[PDB]
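Just one chain follows, in the form deposited in one PDB entry, and it is written as structure tokens.
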């Protein structure tokens, strides 16, 4: 089949499966929940990596790599169902089983304890780009809920809570920046409830994205304040410089962002014609397509001219000069892959000193003169990035509203919206909301937003007063 079959509003699952394969991003594997990242998908991850990696180095974070294997002893200092266990090498069984990391707290922090003698050893700010395994036996999805996934995990240890408190929001803003400025995805910054917070953590901050096709929200990336909980388990301690004899535990953060990003990018921006790449993230921003043997070679020459002219303005461009494929095949092919701009030039356009420039987001065919080629296209790329963010941003505002009763909350949820409600914060009430909304698949707490829409008031459960406005909704 040439293009997509299922519409996004018709069958999101089929639509999603078709767009990720037809855009040459994903290939399926014979192990469930594991997917192959083809260059078109991996290039986006590299764009995210290059940005985020450069930004954390300004904050004084340094890259590293810890082992993928965790001892049982290390895991049970903290203490599971998602942890993959290696039990044999070849035919011979191991004396003791060894676990694949779902996260590296128990791997890294024993070494942190050895590196901390005094407060001058702090702060320690380390990051690693690696893979982790979480054997979640649900229905896995490419990018969004994968059994293996690439990510970064940062782990910081400080002398004071206040130092650690500032980094949490610094990192969370960098994640929002990755979602908003790179991927053009609007996000809601907030604190997780007690039920949804990171196990062993003091508090978890999160960025919540909204996938309007499902009417479901998704956790976009979290920054955790572990406090002194992990530094006690592994005895990360230093001499108190203010108090002669006493000993103080290190205040720790951990933070992580994954290849889920690419899945949210696909789900939000993608349309019924295929993938849609934000220019800031697209490895190919512009694709040049040629539209007598001498006249054919002249058409090739014009394309190589436009190619190198765009490279001189650092615009990531590629010329598709393969003569084995027709122009019509190329338009559709690069449509599916979601290249922001198709630079189209035919015999008549070449003669008239111009070319057709097709925007991927709108489908607008703009005729630009050869002299205004490199100034206009970057203006178009910027407008594509802005159009994508604005469209999605307003899509979020429209689908996020306030409700003060469980009755109004239910109907708003049924319309495919997420909604902020007066909430006490207690976990028994949170389970009741999931239970009641499922019977009337259940709605979960997404985050307690830093900037809520309205201000406080009885709780939705109607037993005790409300502590804060909390964002609820159906979720991935």
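Shifts are known only where both forms have a C-alpha. Residue numbers count along the first chain shown, from 1. Basically, rigid core = biggest C-alpha set you can superpose within 1.5 Å across the two forms.
Beyond the structure shown, there is the form deposited in another entry, which is absent from this document and is the topic of what follows.
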query: Option from 379, 94, 161, 111 moving between the shown form and the other one, CA shift at or above 2 Å, rigid core reference; finding: 94
query: Exceeds or equals 2 Å, Cα of residue 241 between the shown form and the other one, core fit; finding: yes
query: Regions shifting between the shown form and the other one, defined as 3+ consecutive residues whose CA atoms all move 2 Å or more relative to the core; finding: 91 to 95, 240 to 247
